[PDB]
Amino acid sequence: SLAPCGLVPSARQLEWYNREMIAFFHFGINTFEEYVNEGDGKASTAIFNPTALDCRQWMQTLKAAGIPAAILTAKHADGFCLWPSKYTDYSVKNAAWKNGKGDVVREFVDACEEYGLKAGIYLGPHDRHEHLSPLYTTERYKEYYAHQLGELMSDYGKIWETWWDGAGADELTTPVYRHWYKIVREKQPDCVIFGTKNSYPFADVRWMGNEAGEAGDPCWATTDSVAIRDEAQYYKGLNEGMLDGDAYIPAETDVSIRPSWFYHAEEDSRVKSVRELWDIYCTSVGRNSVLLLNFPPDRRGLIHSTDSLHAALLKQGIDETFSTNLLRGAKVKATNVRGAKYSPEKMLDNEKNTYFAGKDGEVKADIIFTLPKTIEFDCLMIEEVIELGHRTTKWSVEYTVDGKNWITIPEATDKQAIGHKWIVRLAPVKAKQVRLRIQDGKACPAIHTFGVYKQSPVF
């Protein structure tokens, strides 16, 4: 067995990585206001009134889109609660919707269960509504939040992510988040925590410093926990992470399918294109991260058609692209092969658990794939055995036809991270042979997958 190298992921972190994509559902009282993305806590609860709400419809969107998990805004900073909490009146309890007798969180988690999707919860740390009270104190709010957390972590089935937005959360101290973390961890042991700012010691996953859907190149799963803490002053630390980072807290990349996070009819014509989403996919999922994509339900309580369409087409595109590893069938020769159990042919076998590996202490390897017939490709992907750590730290891919010389691939030269998955897109090339150069690392290579592909016409 290979020894792991450096910091390694937890069981939670492995489960989260494997999701690849997660849906965000930004919905609430803001949706019923005119052009509001950040509500003031002053809107009348009465205005919340979806007319054809169907969380099943939301789940059908996700099914078609290949998305295995979903996070609902149970409470945004406006402080309006989507479930009839015992601990406030600023909720659905006092909505026009269902004469105050509804529970959107209920509908949501019921639909997730029905469809076999993992449910998550966004419960806004900064609460503008509570801040309106002359009685507001941090200590008081800590208890309020804890009460609500208890409801959501107890009575609504299995919860697989809790999201703590850092926006406006600067007054919230580490010991406050501790109190909250203990609740999550006790009641929901498989629950992954997206943590920002002063929650840094409790975070399972981090922010990556923009909402544009662009994780860094490289993007390490490790970083210093101070980067989370001092968010605004460590863009690089968040976006790229650090190879020598003191913590294993991988990046989660969040973005809206629209210009805004909440629904506006005027943005129906401004949904990101399939090509845009493919780009994003490649700069998140394809840069050692996970893609959290927001679909905002409308005032009917439905996901818009365009949003749904584009997500569905991205899935088709992804599926077509990676369905055929053009290297399959190759004759493979490598340097630095640990053993038959670990032959380079493993990178090609489509098995979940097998991998190529090198010998202890030898961090370099060269692998040559000789193809029976010349292939045309414009995309490649490589996957590391992440349980074993970030091992490889420099890699390149080359090709030839006349075998007279190895031709470099501009976009796949002296790359750094691999981790969970790294995708490279490239001007189409024809190849009779392909070379994978493992050029440097902290330990001998351990690689699950290597492939080249032809991008779907969908894209």
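We number the residues from 1 along the sequence you see.
Between 125 to 133 and 336 to 344, it is 336 to 344 that carries the larger average Cα temperature factor according to the deposited entry. In this crystal structure, the stretch out of 259 to 267 and 367 to 375 whose C-alpha atoms carry the higher mean B factor is 367 to 375.
Sort the modelled residues of the chain by CA B factor and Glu383 lands in the highest third. When the CA B factors of the chain's modelled residues are split into thirds, the value for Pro410 lands in the highest one.
In the deposited entry, the Cα temperature factor of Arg391 places it in the middle third of its chain's modelled residues. In this PDB entry, the Cα temperature factor of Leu436 sits in the top third of its chain's modelled residues, the highest group. Residue-level temperature factors show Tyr35 in the middle third of its chain, judged at the C-alpha atom.
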